[PDB]
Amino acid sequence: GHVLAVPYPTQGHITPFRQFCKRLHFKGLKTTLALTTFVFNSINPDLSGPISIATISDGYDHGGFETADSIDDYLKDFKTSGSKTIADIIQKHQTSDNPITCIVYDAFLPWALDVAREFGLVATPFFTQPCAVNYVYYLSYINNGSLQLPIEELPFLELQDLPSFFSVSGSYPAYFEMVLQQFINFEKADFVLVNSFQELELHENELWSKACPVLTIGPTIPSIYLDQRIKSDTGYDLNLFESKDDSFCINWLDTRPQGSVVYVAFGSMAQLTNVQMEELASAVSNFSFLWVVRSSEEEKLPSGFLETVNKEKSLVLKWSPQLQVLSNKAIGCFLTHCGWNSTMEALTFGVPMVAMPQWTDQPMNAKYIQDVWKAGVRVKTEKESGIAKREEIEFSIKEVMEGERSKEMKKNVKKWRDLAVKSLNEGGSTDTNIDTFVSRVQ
């Protein structure tokens, strides 16, 4: 058995795809990971497991996404160039020790099924977003692109709870058509994989599994932090942002008392405005903080803000070893844009969050953080503008550090570590679902 693994070319999709492959290798399955050449020349390959990489093309080997004329051009070029480049990996390996038997492609790339079917291969999409989010999208697809509020099977959800495509009308029309066209052919899939575990959205997994065979194979957080069954899986080893020489960071955090630091980070792709950046900077400077401002975003922090940094309470970085930060006892709360990987990381580490979602599926994750998992609070935004003002930010941070919702939320969230380990340990639902997939593949 041999699996070709095709992530969407961003950090948030690549690392679950890699981590999943480490589990496949642990279970005796050969995997080749298909990176775009733009990405492959942007990686800095320090590994934490055996890795086999094949290169494919999205049609932007030189400049990547930012050189495309439009988002919708990128997707269609990606389909054309990606279909050819993926086919060639399959062809080339046919006469080899292990010809490929299964394509595990990102759900954002449904055309990979066509390629998988043309070579008689097993095909399974891989959803990097939670069951709740995708079931919402699925219900729109079997509709014709909009949704019945309230959702009869999940009626506690409102307009501000939905993905940004619904509440910001007309925004990202091409990206909106992508998340819906995840379902154009998923019927024909041999299985459907989602980077979640059953006990985290037990309800919403059921709803979605009525329509399609869903196999939860998360969480994709490295084995060392949970189940420890995979000795080599110590961290995230395919990173698009250079690694700071990260022990400066983790040494600084063992300097500070337990639960004293506020961690701030917005993922790999989210861009705030100048206005957004000073409201944050003021609210956060009321605290001992660790803030990740990526390099493309230093522009928009206040004039001379990085000088005014109190070096005895707080620190600003271009990027961070987020896994090790969230495992560090000096963190008190995590101010997060609610990217799915970041949310599952904070839940697994028992770090309560201040949710400050920005777009696509982050509003849903923020609702579940506050009202389903009761593991954090959503910051309030002025409705004219969608911007969180410095005092609404500071209010929310204090509610998770000092309020006494704060020690209730503190204990509600520590439930999840042990649930996640149980699913990754022998006989867990995730460990069982991975075995069903491995069974099919050979």
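Numbering starts at 1 and runs along the sequence shown.
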Problem - Given 313 to 321 and 156 to 164, the range whose Cα B-factors average higher in the PDB entry - result: 313 to 321
Exercise for the section: Take the C-alpha B-factors listed in the entry for 272 to 280 and for 231 to 239, compute each mean, and give the stretch with the larger one. Expected result: 272 to 280
Handout entry: Deposited CA B-factor, highest of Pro352, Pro357, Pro173, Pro219
Key = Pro173
Handout entry: Options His203, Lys300, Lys92, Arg294 - largest CA temperature factor per the record
Key = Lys300
Problem - Position of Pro150 among the chain's modelled residues by C-alpha B-factor, lowest, middle or highest third - result: middle
Handout entry: Lowest, middle or highest third - CA B-factor, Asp190
Key = highest
Completion exercise
Binned into thirds over the chain's modelled residues, the C-alpha B-factor of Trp208 lands in the middle
Problem - For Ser406, the third of its chain into which the C-alpha B factor falls - result: middle
Completion exercise
Of the three thirds of Cα B-factor ranks in this chain, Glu177 occupies the middle
